[PDB]
């Protein structure tokens, strides 16, 4: 089969994953002292804010839909345009992004380094108490690699449990293959293995200006070519597409069939397609909320409002 099962994450650097988990939930990575990775990739809600575009520092309206951190390591690159190569490189972006955490790499590292409890952990992981952006993002990336979603009802079906999904869902997987969805959405993450044009046969209408891969490569052929997203946990990651325009998976599957394949789905076919896509929802990360250390007199004060 073109779709493969996701296996539970193997943790090989436990101290580092713990430090990463703390940092993913650390709102003092932001200027406000209020926004953490979790604010926009909420692990209680499919690893996303579930908004059309993000709400950032000062309630600024973000330019693009927040994708899920779930199974993000199976992606060939990171961000919609693939401008980051892995999760460690990606993590540098939000901290310093004015529309997101609104901080700087220098302020983030000073903030974390103010606290002996954090310094002790960087020392255990990397060899001394220095905090720099490489270590901080490396730790975050190590944690994110644990956020896989094994044991979806579909995975149980691929492993031979014929009763793990409905007949609607089984017919939907067949449609998925037979219509050509799988040509772009395949591998363990049902997506994430390639860049492809959004609007291959028919243009995709949006008033969102994001040009995708063209903004990394400079190639006009790369205009509106985006990373193919994962369809794992697609049930949870509404609204859909990079512009957050579509709230129902019903409409997303029909928009994809219409513009990627040249023909929308029937009522029955949509029912089946959605059934299959929901069966891709895996076991969500079970994480204990991390207990973060107190700020001290050396910790930069947050600036939620004026100064």
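Positions refer to the first chain, counted from 1.
Of the two segments, 223-231 and 99-107, the one listed with the higher mean B-factor is 223-231 (C-alpha atoms only). For the segment pair 176-184 and 116-124, the entry gives 176-184 the higher mean B-factor, averaged over Cα atoms. Taking only the listed residues 133, 91, 216, 147, the entry reports the highest CA temperature factor at 216.
For residue 85, the recorded CA B-factor ranks within the highest third of the chain. Only modelled residues enter the ranking. In this PDB entry, residue 21 carries a Cα temperature factor that places it within the lowest third of its chain's modelled residues. Among the modelled residues of its chain, residue 282 has a C-alpha B-factor that falls in the middle third, as given in the PDB entry. The entry lists a Cα temperature factor for residue 244 that places it in the middle third of the chain's modelled residues. Among all modelled residues in this chain, the alpha-carbon of residue 165 has a temperature factor (C-alpha) in the highest third.
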